[PDB]
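Participant:
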Amino acid sequence: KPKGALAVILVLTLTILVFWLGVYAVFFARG
Amino acid sequence: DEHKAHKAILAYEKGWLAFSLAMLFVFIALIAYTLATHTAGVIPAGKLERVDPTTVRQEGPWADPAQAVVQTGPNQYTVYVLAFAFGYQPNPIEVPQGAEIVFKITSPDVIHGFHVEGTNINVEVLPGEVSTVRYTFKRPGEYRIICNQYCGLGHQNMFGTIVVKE
Amino acid sequence: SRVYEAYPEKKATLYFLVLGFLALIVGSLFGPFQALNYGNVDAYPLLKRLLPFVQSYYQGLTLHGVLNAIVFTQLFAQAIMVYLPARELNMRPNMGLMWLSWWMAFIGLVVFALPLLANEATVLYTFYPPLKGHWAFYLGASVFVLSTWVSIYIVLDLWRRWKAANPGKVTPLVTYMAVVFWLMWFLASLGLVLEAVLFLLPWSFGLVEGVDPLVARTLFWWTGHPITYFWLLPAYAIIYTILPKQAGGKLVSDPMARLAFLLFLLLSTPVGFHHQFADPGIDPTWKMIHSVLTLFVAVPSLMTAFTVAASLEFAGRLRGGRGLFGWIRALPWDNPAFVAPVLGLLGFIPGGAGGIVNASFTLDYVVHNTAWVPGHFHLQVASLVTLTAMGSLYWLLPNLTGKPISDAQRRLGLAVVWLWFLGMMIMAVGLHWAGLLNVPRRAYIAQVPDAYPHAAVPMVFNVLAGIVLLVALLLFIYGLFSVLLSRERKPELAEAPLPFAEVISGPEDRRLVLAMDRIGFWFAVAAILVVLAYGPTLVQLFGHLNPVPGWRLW
Ligand code: HAS
Ligand code: HEM
Ligand SMILES: CCCCCCCC/C=C\CCCCCCCC(=O)OC[C@H](O)CO
Ligand code: CUA
Ligand SMILES: [O-][O-]
Ligand SMILES: [Cu+2]
């Protein structure tokens, strides 16, 4: 199991997800 | 050792490529949603509507800013805004809260930004074309318009105002 | 030097690198001042004394973007993506062509510099009509870029020549990367060639009265997007094919690396409307199309994130690091050639994330044209690409010159790399945040000090970044000139092979690989995607042109 690679792509997915849902929320506040 | 490691990295890569794709497609669904609701009014009508930037301040709807706000529906206003170096007319744009605003924006000189701080109206203004965008202000007060496209040495100070009346 | 007779391509590659680097240093001088600006501090009166030809923040900004995002990046791409395939194949590039390419770049640069330095082309590196720059900006810029066509030709030549000697062999990894990369670039570039040729050049010489803004932006952005992938892929070739050796490990998968690269060939060009979400006159449906396509183009980097991560893990395990974190400690954090690329990969995480936000059509209305965008792209190009270039200097420079890197120079290198990195991360927090508070990009804000009170906190980050990055640039100048202007030489450094990584064998499927080697076929597909994504819209615009007079407002 490439366990270290998995952590990195976990951190990437959370980064993506936070940025995204973060910005989407803002879009609706300003909507 | 290696042959083991390479199979396992590959097996998990596929997992991740499948998870990533799903994530992306979820975002595609979530964007499609926004497209079906009133908040999508901020997307320009992508209709071409050519005008002459050299006469736009001397004939037609941009040449009289005090008459630029016209009721066009039982609950609809259309506003003919001019973005120019370095300001907007009318100043202020005055509209009622809760009504639908169709902003029709053009420029007599260079490209400007039309970005209404506090809202999702954020549209490029190109000389020779009209930009059409829709918004309903849900809260009275003063919103500031910012130019977000470099337009020359007056860029930093190109501001306008929209007053949404109670 | 007898090394330069055997390998004249070392001298040429050297000249690209150097020119590209000079260009980065001059371009970067403006950086710190711009950071202090987004920090509400006006230090322009100080720049204007040190460099009295600078009439305005905007002329500085033109120089910065053009020098850093156009020139350095291109020279770097042309240095890496010719020379690396050459060495893998162990064959001479057409040297006559290669000097030609360098002179076009050089002369184009000098010629465009003239109106730029004289305040006749303050239009930024996007040069959007009606903003009307001097004819020498358009002509210098056009010859500068066309120089890449000669490079495209050089690599395909090398490629065919090897296939001639070796029918029924797969193209070697680096060479496959460079071929698909150069072919993508050919497609990508036609948007700007068309805009310079039908519109910009004739207009700048007064042969037409106006130019249509809509059609010019549209043609611009056809090239505008894939130019960025054009900046990145050289760093990727290194990260794929060199990084793993430098990490102490190996490339975990040749096929996966070709796959990433193939996908870039297919998806880099048909996505330009993601820069036109806020433009009038383009149907919403097309903007949805391009939005989808852009999320696809994210895939090959999502792919790259896992392959490279796994390669690094493998390296850290080989090197004796146990655990879920222990492989990170076990990596060679003393080697600047390892550290720079890896750090750029670090920040590429949030940068990629910002990117995905930008792609999402309606979400772009939140961030379009705010400090957010510069925050996004400093992670991508100012950090990951530039850092990759910088770091690689520690192997590339001895490989090409024969000069040794001393330990002291290594350490200076670490410091620069780290400071540059940290500065970029700090500034990315300032700009993203600022962008969320509706602060515009491309503005001399310090000059309207009371406009954005709400941004006081993120501004302090921009100031802090300003200083950190001043320090790292000063360190980078001082370090770069030690190595380059050093008395000693050592030619067996210039002969020791490039540190190319070894792959791990486990059968891949040879069929996937063979399928990916159908390069003409994939090029066709890529060409068709552009026609389907641009054609309908360009047909509708070209049938309704509205040229408008040009302005000079600087
Ligand atoms: C090199 C240069 C650039 C790249 C690459 C880049 C990538 C993206 N961008 Fe972009 N961006 C946009 C879309 C994205 C998309 C979807 C991506 C994607 O390709 C990103 C995908 C990447 C990822 C999903 C991240 C994967 C991360 C990796 C690979 C990290 C691995 C970590 C490891 C391995 C570490 C492990 C090691 C340890 C020790 C732990 C759009 C819109 O859709 C806009 C316009 C917005 C607007 O309003 O104008 C835009 C505008 C810009 C600007 C401004 C243009 C201007 O002047 O107006 C520039 C120059 C630029 C640069 C670049 N852009 N972009
Ligand atoms: C010493 C580090 C440097 C600093 C502190 C830094 C800072 C900045 C800031 C503050 C701006 C935004 C200015 C504005 O929108 O008004 C900017 C814009 C820019 N920078 Fe940098 N920069 C650095 C290095 C580079 C690097 C290496 C690249 C290219 C590889 C580069 C590419 C760009 C581009 C293309 C723009 C946009 C200019 C435009 O909107 O026309 N930066 N930089
Ligand atoms: C050893 C070296 C480490 C030192 C690095 C510090 C680490 C991070 C903290 C602060 C730096 C802030 C510097 C910013 C300088 C002035 C900010 C400013 O202009 O203040 C505006 C004020 O909010 C409106 O009145
Ligand atoms: Cu008008 Cu910037
Ligand atoms: O260009 O993103
Ligand atoms: Cu793009």
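Chains as they are written, first to last, in UniProt numbering: chain A, 4 to 34; chain B, 3 to 168; chain C, 9 to 562. For every residue, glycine included, the Cβ atom is placed at its ideal position computed from N, Cα and C.
Considering only residues of the same chain and omitting the five flanking positions on each side of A87/C, which have a CB-CB separation below 7 Å?
Facilitator: So the list reads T21, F24, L25 and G28, once near-sequence residues are dropped.
Participant: Please classify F369/C as buried or exposed, where buried requires at least 16 neighbouring CB atoms within 10 angstroms.
Facilitator: By the neighbour-count rule (16 or more Cβ atoms within 10 Å), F369/C is buried.
Participant: Alpha carbon to alpha carbon, how far is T378/C from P55/B? Give it in angstroms, no decimals.
Facilitator: One C-alpha to the other measures close to 27 Å.
Participant: Identify every run of the beta strand (DSSP E) within the region 94-134 of chain B, keeping only runs that are complete inside it and at least 3 residues long; order them along the chain.
Facilitator: Within the region 94-134 of chain B, the complete beta strand (DSSP E) runs of at least 3 residues are 95-98, 102-108, 114-118 and 124-127.
Participant: Compare the beta carbon distance of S276/C and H233/C with 8 Å and say whether it is the shorter of the two.
Facilitator: Yes, the pair counts as a contact, with Cβ atoms nearer than the cut-off.
Participant: Taking the alpha-carbon positions, what's the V538/C to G280/C distance?
Facilitator: C-alpha separation (whole angstroms): 10 Å.
Participant: So, are the CB atoms of residue 577/C and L445/C less than 8 Å apart?
Facilitator: Residue 577/C is absent from the model: chain C starts at 9 and stops at 562.
Participant: Considering only residues of the same chain and omitting the five flanking positions on each side of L320/C, which have a CB-CB separation below 6 Å?
Facilitator: The answer, listed in chain order, is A255.
Participant: Which word fits residue 8/C, buried or exposed, when buried means at least 16 other C-beta atoms lie within 10 angstroms of its C-beta?
Facilitator: Outside the displayed range of chain C (9 to 562) lies residue 8/C, so it cannot be described from this structure.
Participant: Tell me, please, whether the region 197-212 of chain C touches the region 125-133 of chain C by the rule of three or more beta-carbon pairs shorter than 8 Å.
Facilitator: Not touching, per the Cβ criterion.
Participant: Tell me whether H117/B, by its Cβ, gets closer than 7 Å to a heavy atom of ligand 8.
Facilitator: You won't find ligand 8 in this model; what it holds is ligand 1, ligand 2, ligand 3, ligand 4, ligand 5 and ligand 6.
Participant: To the nearest angstrom, report how far apart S490/C and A416/C are at their CA atoms.
Facilitator: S490/C and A416/C: Cα-Cα distance of roughly 10 Å.
Participant: Would you call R330/C buried or exposed, if buried means 16 or more other Cβ atoms sit within 10 Å of its Cβ?
Facilitator: It is exposed - the Cβ of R330/C has fewer than 16 other Cβ atoms within 10 Å.
Participant: Whole angstroms are fine: how far does the CA of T315/C sit from the CA of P340/C?
Facilitator: The straight-line gap from Cα to Cα measures roughly 19 Å.
Participant: Looking at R450/C and ligand 2, is the gap between the Cβ and the nearest heavy atom below 7 Å?
Facilitator: The answer is yes for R450/C.
Participant: Looking at the secondary structure, which residues open and close the alpha helix (DSSP H) in which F429/C lies?
Facilitator: Counting along the chain, the alpha helix (DSSP H) containing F429/C begins and ends at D415 to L444.
Participant: Have a look at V216/C, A51/C and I364/C and flag the residue whose alpha-carbon is nearest the alpha-carbon of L15/A.
Facilitator: If we check each option's Cα against that of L15/A, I364/C comes out closest.
Participant: On a CA-only basis, which of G148/C, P53/C and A51/C is nearest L75/C? Give me that one, please.
Facilitator: With distances taken between Cα atoms, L75/C lies closest to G148/C.
Participant: Who are the Cβ neighbours of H117/B in its own chain at under 6 Å, not counting the five residues just before and after it?
Facilitator: Within the same chain, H117/B has close Cβ partners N124, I148 and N150.
Participant: Indicate the three-state DSSP secondary structure (helix, strand or coil) for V178/C in the structure shown.
Facilitator: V178/C falls in the coil class under three-state DSSP.
Participant: Identify the contact partners of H386/C in chain B, using a Cβ-Cβ distance below 7 Å as the criterion.
Facilitator: Chain B residues near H386/C: none, gap ~18 Å exceeds 7 Å.
Participant: Leaving out the 5 sequence neighbours to the left and right, which residues in its chain are closer than 7 Å to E119/B when beta-carbon positions are compared?
Facilitator: Correct list, in chain order: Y145, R146 and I148.
Participant: Look at the alpha carbon of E203/C and the alpha carbon of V219/C, and state the distance between them as a whole number of angstroms.
Facilitator: Rounded to whole angstroms, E203/C to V219/C spans 10 Å at the Cα level.
Participant: How far does the beta strand (DSSP E) with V72/B in it extend, from its first residue to its last?
Facilitator: That run of the beta strand (DSSP E) goes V71 to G75.
Participant: Kindly say whether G324/C, judged by its beta-carbon, lies nearer than 8 Å to any beta-carbon of chain A.
Facilitator: Taking Cβ atoms only, chain A reaches closer than 8 Å to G324/C, which makes this a yes.
Participant: Looking only at its chain, what residues have a beta carbon closer than 8 Å to the beta carbon of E17/C, apart from the 5 residues adjacent to it on each side?
Facilitator: Only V90, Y91, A94, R100, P101, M103 and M106 meet the Cβ criterion.
Participant: Select from the region 346-375 of chain C all residues with a C-beta closer than 8 Å to any C-beta belonging to chain A, and list them in chain order.
Facilitator: If the cut-off is 8 Å between Cβ atoms, the region 346-375 of chain C has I357, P358, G360, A361, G362, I364, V365, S368, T370, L371, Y373, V374 and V375 near chain A.
Participant: Just mark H5/B as buried or exposed, buried being the case when its beta carbon has 16 or more other beta carbons within 10 Å.
Facilitator: Under this definition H5/B is an exposed residue.
Participant: Taking 8 Å as the threshold (C-beta atoms), are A509/C and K258/C in contact?
Facilitator: Taking 8 Å as the Cβ cut-off, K258/C and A509/C qualify as a contacting pair.
Participant: Does the pairing of the region 472-488 of chain C with the region 39-47 of chain C give three or more beta-carbon distances under 8 Å?
Facilitator: Touching, per the Cβ criterion.
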